[PDB]
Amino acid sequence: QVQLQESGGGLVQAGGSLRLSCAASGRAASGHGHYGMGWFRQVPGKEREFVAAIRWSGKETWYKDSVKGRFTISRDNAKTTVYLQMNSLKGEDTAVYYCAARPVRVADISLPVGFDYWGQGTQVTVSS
């Protein structure tokens, strides 16, 4: 199974920058050996939402409208690592972020589906 471990979340202020990293190890259960990645956030009193996603190759990414501009999702050169660069935090952003691996290819990556493995969660609080 794909072991996902995140870190980098914590205390900041509105207009700052913060960077979350998601390490990945182990083989997967489905597919031919690959997997796409994505980030989700849990906000108190609201349902879980899909915030960013990247195809296994990096040919295309997807962002939720309210983060486009400000957030970017990438993967470094040797890879198991996924990053989420958060710039110009607004306070609404305030929540617990999660990274998840998708073992089987999907036609539309804006879709919340196929995420078999989940990381543990990092609280991000934006004070004013």
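Each residue number is its position in the shown sequence, starting from 1.
Looking at mean Cα B-factors across 59-67 and 98-106, the upper value is held by 59-67. Judged by mean Cα B factor in the deposited record, 89-97 ranks above the other of 36-44 and 89-97. Annotation for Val82: CA B-factor lies in the middle third of the chain's modelled residues. Placement of the Cα temperature factor of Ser30 within the chain: highest third of the modelled residues, per the deposited record.
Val113 sits in the lowest third of its chain by CA B factor, as recorded in the PDB entry.
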